[PDB]
Amino acid sequence: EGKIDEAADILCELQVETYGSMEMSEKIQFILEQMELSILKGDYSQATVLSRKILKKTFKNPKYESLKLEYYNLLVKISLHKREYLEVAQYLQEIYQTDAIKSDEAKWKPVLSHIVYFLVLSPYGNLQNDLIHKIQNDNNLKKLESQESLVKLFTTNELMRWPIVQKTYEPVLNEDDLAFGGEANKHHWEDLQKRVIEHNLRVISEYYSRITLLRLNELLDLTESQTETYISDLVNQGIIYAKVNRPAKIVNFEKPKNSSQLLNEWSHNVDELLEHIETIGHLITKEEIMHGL
Amino acid sequence: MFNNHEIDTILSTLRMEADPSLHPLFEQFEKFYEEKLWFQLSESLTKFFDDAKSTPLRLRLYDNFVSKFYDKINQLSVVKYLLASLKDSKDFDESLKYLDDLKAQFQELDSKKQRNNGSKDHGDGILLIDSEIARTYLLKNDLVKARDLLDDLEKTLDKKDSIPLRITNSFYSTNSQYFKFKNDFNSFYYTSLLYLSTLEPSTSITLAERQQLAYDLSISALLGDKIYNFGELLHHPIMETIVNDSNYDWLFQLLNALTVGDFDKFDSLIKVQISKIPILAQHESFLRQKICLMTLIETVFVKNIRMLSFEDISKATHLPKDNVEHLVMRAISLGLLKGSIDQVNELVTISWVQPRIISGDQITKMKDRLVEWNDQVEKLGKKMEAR
């Protein structure tokens, strides 16, 4: 009828009274109905409280694969208003185990794929590694092989990569409704873009000691105004630092800048000369004997 | 010719008296299969020179001679030959049928006597099934099925002492085949090198096997690299009496091609289609940087210092100004470098740390460097000594 508030009011009183008794299945069911109504109102915070309670409930229960899936469907929706890839990623990780023992590869492979791909939008690549390393995630599965190749591609990125990625894949770039609530096609573009832009700076710092800004604006393929901003936000967060020398249009990534490094680097250098002298000493002595022979 | 009946029968008699062991329908039957200049057996020690050299429909008869062979000779010979002979003979359907026959038992338990692996020695009963199920299954069927067979082949390698070596042979040949089966000429180049390395110094070889390995190495070495494209194949047997067949001219053609960097030369290196792969389409840039890097590394400063002109890297590699920018960009990613090239200052200032090619101009360079390292030390010493 459209009386959202009225249906919720009656559902809220019911579930609370029932709690702690009258079947584990029955109680979890009311909570799914409730979150569905809650999300439309704006009641994301009420939805988070409901989420804590159900999460304990699903754990208690043995034989609860249906219950866990149902919780997942509710959980992703609330994260869509907020924006955490960590919430969705973690509870799905606990669903991985349950999907190997109980279910077919038909249930398991769309979930695996969605989870990694969720992490691809996610702007920091440091989660991504963890999920990819996985023993049955590095061997076989077509989608598995597509994600791992992307994982190598980021390492090497010089950000002429992104349109290559955008065109080449279209499933595994727009695929939803298979272990997640979905997300706009247009939202996938937004996220992917930010993630690459950051990762180009991130590699660029290691590989090259200096780059000029004119070259860098061309590499990202981007306007200076934006580049200055993408860089500015990153350095400020302190995942990395870089420094700009504005009248030169040169970006320093810096280099060693302290005595403490240099003393230890020196004592290393000695340590390598020494080792060479002993390896050379025994090695040469050996050479000698077999000249003899 | 008489030589199969002659050699088998006399040696068969010599190493046990007669007792159901002579076999005149064996003697005639093998006689029928191979009386050319190749023979189907040559008994006992002779089984290390003649054993099946054509499709061996004598097989059911030989199962009753495996059931005599142990007391006509030894341990090793039985496990050594009869699995490989079907495989070389291209008797794939037949190989499977014999693996059902043998399965895992040929004298185990309180028969005692230490067990090795097949295709060299008397094996692991289980290890024959495991190794050859992978060898056969790969040829037949898909890559996803192959990854799964390799994981089992890996379990069996791990689960043993390394002592008979035969099992390790099984691992390299098995594993090499997956990289052939896909596209992975670089991964295959590493695996083929290992396969040859633990094949040659212990013998046990077969003209069929060394034909695959030398030709397979030649295709893989063009098809992918990481170290350098031909210096390593001059400390790296490509035709040093492994076999010279199948036009090993290509190796020498490659070094000339690598230096000039002509497209015409790339087609005339091997033959058109097999030069391209499609492997070489990604490959030419990687291969390209390899020739440039080595040539400069020896030449520019006798000491070896990490100073290069950007210009002289372009001039030497023979590529345009943007292109080299992209190629170097990939090259730092690949490592064996680090220390931080400044892409403004036009200073290729990356640290010295890579391996140096061959025993030739390594030695020239070492003498110069030695006189200098020594001289430096001697000055310090002298001054200290005096006061």
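Thresholds applied
Residues numbered from 1 in each chain as written, not as in the entry; some residues may be left out. Chains lettered and ligands numbered in written order. Part of a larger assembly, values for the part shown. Heavy atoms only, no water. UniProt positions renumbered as here; feature names shortened; annotations may be inferred. Core = buried A, V, L, I, M, F, W, Y, C linked by side-chain atoms within 4.5 Å. Buried < 20%, exposed > 50% of the residue type's maximum accessible area, 1.4 Å probe, protein only. Helix = DSSP H or I, 4+ residues; strand = E, 2+ residues; numbered from the N terminus. Contact = heavy atoms within 4.5 Å. Axes fitted to C-alpha atoms, helices over the stretch in contact; angles between N-to-C directions. Parallel < 35°, antiparallel > 145°, perpendicular 65-115°, else oblique. Left-handed = near helix turned anticlockwise from the far one by under 90°. Nonpolar A, V, L, I, M, F, W, Y, C, P; charged D, E, K, R; others polar. Buried area = accessible area lost by both parts, 1.4 Å probe. Salt bridge = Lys/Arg side-chain N within 4 Å of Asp/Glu carboxyl O. Polar contact = N/O pair within 3.5 Å; in protein donor to acceptor, adjacent residues only side chain to side chain.

The record names cryo-EM as the way this model was obtained, at a resolution of 9.50 Å.

The name given to chain B in the PDB entry is 26S PROTEASOME REGULATORY SUBUNIT RPN9, with the source organism recorded as Saccharomyces cerevisiae. What the PDB entry is called, per its title line, is "Structure of the 26S proteasome-Ubp6 complex". Here is the UniProt Function comment for chain B, exactly as written: "Acts as a regulatory subunit of the 26S proteasome which is involved in the ATP-dependent degradation of ubiquitinated proteins."

With the PDB entry as reference, chain A is termed 26S PROTEASOME REGULATORY SUBUNIT RPN5, source organism Saccharomyces cerevisiae. Of chain A, the UniProt comment under Sequence similarities reads exactly: "Belongs to the proteasome subunit p55 family."

Caption draft 1: Structural context of the nonpolar core. Residues and elements named next belong to chain B. Within the largest apolar cluster, 35 residues are counted, with the highest numbers of intra-cluster contacts made by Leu-222, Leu-223, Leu-233, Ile-238, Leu-254, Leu-258 and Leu-269. At the level of elements, helix 10 (185–197), helix 11 (207–223), helix 12 (249–260) and helix 15 (280–299) are the ones that each hand at least two residues to this core. Among all residues touching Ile-238, those that are not within four sequence positions of it are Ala-214, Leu-217, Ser-218, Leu-233, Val-243, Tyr-248 and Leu-251.

Caption draft 2: Examining the packing of helix 4 (residues 65–81) of chain A against helix 5 (residues 85–102) of chain A more closely. Residue and element names in this part refer to chain A. Axis separation between helix 4 and helix 5 bottoms out at 10 Å; the angle between their running directions is 160°. One element, helix 4, and the other, helix 5, form an angle in the roughly antiparallel class. Note on packing geometry: the crossing formed by helix 4 with helix 5 is left-handed. Residues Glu-65, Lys-68, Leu-69, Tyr-71, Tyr-72, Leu-75, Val-76 and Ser-79 of helix 4 lie in contact with helix 5, whose contacting residues are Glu-87, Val-88, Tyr-91, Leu-92, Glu-94, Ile-95, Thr-98, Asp-99 and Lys-102. A per-class count over the contact of helix 4 with helix 5 returns 9 nonpolar, 2 polar and 6 charged.

Caption draft 3: The UniProt feature "domain: PCI" in chain A, seen in detail. Look at the UniProt record and you will see "domain: PCI" annotated at residues 84–258 of chain A. In the segment residues 84–258 of chain A, helix accounts for 61% and strand for 6%; the C-alpha atoms at its two ends are 39 Å apart.

Caption draft 4: Quick peek at the interface of chain A and chain B. Taken together, the contact between chain A and chain B spans 17 residues of the former and 19 residues of the latter. Surface buried jointly by chain A and chain B totals about 1600 Å² across both partners, of which 55% is contributed by carbon and sulfur atoms. Linking chain A to chain B there are 1 salt bridge. Residue B:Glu325 pairs with A:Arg215 through a salt bridge whose shortest N-O separation is 3.5 Å. In this structure, the connection of chain A to chain B is made through 9 residue pairs in polar contact. The element that contributes the greatest number of residues to the side of chain A that touches chain B is strand 1 (residues 208–212) of chain A, accounting for 5 residues. Within the side of chain A that touches chain B, the residues separate by chemical class into 7 nonpolar, 5 polar and 5 charged.

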